[PDB]
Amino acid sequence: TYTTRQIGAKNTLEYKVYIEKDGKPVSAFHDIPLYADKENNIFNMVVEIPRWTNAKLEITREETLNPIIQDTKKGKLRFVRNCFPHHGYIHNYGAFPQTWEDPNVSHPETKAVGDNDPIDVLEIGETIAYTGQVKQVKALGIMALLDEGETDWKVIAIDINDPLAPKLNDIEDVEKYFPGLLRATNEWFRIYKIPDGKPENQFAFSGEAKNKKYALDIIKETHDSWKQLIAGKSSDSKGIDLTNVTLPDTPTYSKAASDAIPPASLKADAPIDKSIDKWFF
C-alpha cells in the first residue's frame, strides 16, 4: 500500500512497477485495501497512468503480485494516441484494488459482461500522479462505459488532499468546479480508440454521470465479485493470478511470494517513438 519497485526503464518491454508495503512487494490487485476508511467511504486508488501521458500501463492480471506493466499489441508497446483537443489521458488513471468487472455475467445496466479488470477510476485533482502511487480518494460519481462492448464503469474521484476535496461531495460539484470536464470525459472514452482502427465506444444512460450513491452501489458490486474470485469461487477466473500475501483465508495466499520478486532496477525512461506525438483530428 506504500512504496514502488521499478524494474528497468519506463517505455520499455522490461518495465514493471510493483507496489511495496514496507519495502516488500504486495499484489496491486488483491493486497491493497479497497477502503482506506470504510467509515467515510475513502478508497485506496492505485494510479496506473498519469494525466497527459500515453503509455498504456496496467495492473497485469496474470503476473504474480500483478505489477503494472505496459500493454502490448502484437508484441509492440501500446500507447493511447492524442485525440484533439486532448493530450494523452485527461485524468490520472487507475483502479480500485479488490474489485472485479465480472466477465462471466451480463451486467443489467449495460447488458454486457465485464471487462475482467478492477474497476477503473478517474481522479480529477490538480496534481499529476505517478505510476504505482496509492492515493486516497472519495467517489463523486460513475459513468457506464461500454469499452469494446464490455461493461467498463469509470468512477469519478478526487484525491483527499486536493485543495478542492472539501468542496467536492457529489457529481454536481464536478460540473460546478470543473466545467466541461465530464462532457470531455464522455467524449474522450468514446473516441480514444479510433486512432487504433477501432470503433467508437458507447455509454449507457446517454453518458450521464451517475451520482455518488450510484457509484458506491456499483463499486460494492465489483468488490463482491472480487471476494468470490479471490475465494476461488468464480466460475472462471479467466487466467488471473490470485497469488496474494495479505489474505490468509484465501487458497492462493503466500507471504513469501513477495520475496521472489527481483529487487528494484530503475533505469532512466527510455525515449518514446516520435509518432506518439501526433495529434489526431
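Note that residue numbering begins at 1 and tracks the sequence as displayed.
Here 91-99 and 158-166 are compared by their mean Cα B-factor, and 158-166 comes out higher. Taking the PDB entry as given, 74-82 carries the higher mean Cα B factor of the two stretches 74-82 and 139-147. Of the candidates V105, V121, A129, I124, the deposited coordinates give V105 the top C-alpha B factor. Placement of the Cα temperature factor of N54 within the chain: lowest third of the modelled residues, per the deposited record. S225: CA B factor in the lowest third of modelled residues in this chain (values from the PDB entry). Among all modelled residues in this chain, the alpha-carbon of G180 has a temperature factor (C-alpha) in the lowest third.
Among all modelled residues in this chain, the alpha-carbon of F29 has a temperature factor (C-alpha) in the middle third. Sort the chain's modelled residues by C-alpha temperature factor and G114 lands in the lowest third, per the entry.
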